[PDB]
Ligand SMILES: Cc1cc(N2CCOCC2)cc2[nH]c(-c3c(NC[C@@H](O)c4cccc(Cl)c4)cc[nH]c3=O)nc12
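One chain is shown next in structure tokens, namely the form solved without the ligand.
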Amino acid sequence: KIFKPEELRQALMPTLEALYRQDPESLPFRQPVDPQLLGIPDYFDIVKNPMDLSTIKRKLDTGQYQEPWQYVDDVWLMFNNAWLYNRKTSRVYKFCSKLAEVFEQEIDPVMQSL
């Protein structure tokens, strides 16, 4: 099956917007982690493949995904980076867990429809 870029955008962008809409939980994920600004210079020593909502959105807008599972992989890369880097008591870690719950719920019916 070939998935056209606009088909993927129409189906998958609403699932990304569902993550963006989460407040407070999406706020640390709306832009790439800037380790200098945030005062966490060890970040890139631990997270080798950074990912965030704005990068995923740009990839959808520029047709960088051929298959739905590639989009899902990037969302999960974002989650796994945050669970890897952050302590389990931290805001970012617990916010990540909430976003993963939202995403699981949103992506399932969409995948059925694709």
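Don't overthink the numbering: it's just position in the shown sequence, from 1. For clarity, a rigid core is taken as the largest C-alpha set superposing within 1.5 Å between two forms.
message = Which segment is farther from the shown form on average in 7 other deposited structures of this protein after a rigid core fit, 72-80 or 32-40, going by CA atoms?
response = Between 72-80 and 32-40, the one lying farther away in 7 other deposited structures of this protein is 32-40.
ask   = Once you work out the mean C-alpha B-factor for both 68-76 and 38-46 from the entry, which is higher?
value = Mean C-alpha B-factor is greater for 38-46.
Given 5-13 and 96-104, the range whose Cα B-factors average higher in the PDB entry = So the stretch with the higher mean C-alpha B-factor is 5-13.
inquiry  = Can you tell me which of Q31, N86, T62, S26 has the maximum CA B-factor listed in the PDB entry?
reply    = Going by the entry's C-alpha B-factors, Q31 comes out highest.
The same protein also exists as the form deposited with the ligand bound; that form is not shown, yet it is the one meant from here on.
message = My understanding is that the ligand gets transferred in the entry with it bound by a local C-alpha superposition; in that placement, do 3 or more ligand atoms come within 2.4 Å of this form's backbone or C-beta, making it blocked, or is it open?
response = Open, since after superposition no atom of the placed ligand lies within 2.4 Å of the backbone or C-beta atoms.
ask   = Can any non-hydrogen atom of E7 be found within 4.5 angstroms of the ligand in the entry with it bound?
value = Taking the distances in the entry with it bound, the answer for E7 is no, it never comes within 4.5 Å of the ligand.
key: Touches the ligand in the entry with it bound: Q64 (any heavy atom, 4.5 Å)   = Close contact is absent here: in the entry with it bound, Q64 is far from the ligand, nothing within 4.5 Å, heavy atoms only.
ask   = in the entry with it bound, does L114 have a heavy atom within 4.5 Å of the ligand?
value = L114 lies outside the contact set for the ligand.
request  = Using the arrangement in the entry with it bound, list in sequence order the residues of 83-114 with any heavy atom within 4.5 angstroms of the ligand.
outcome  = Going through 83-114 in order - heavy atoms within 4.5 Å of the ligand in the entry with it bound - the hits are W83, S97, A100, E101, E104, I107, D108, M111.
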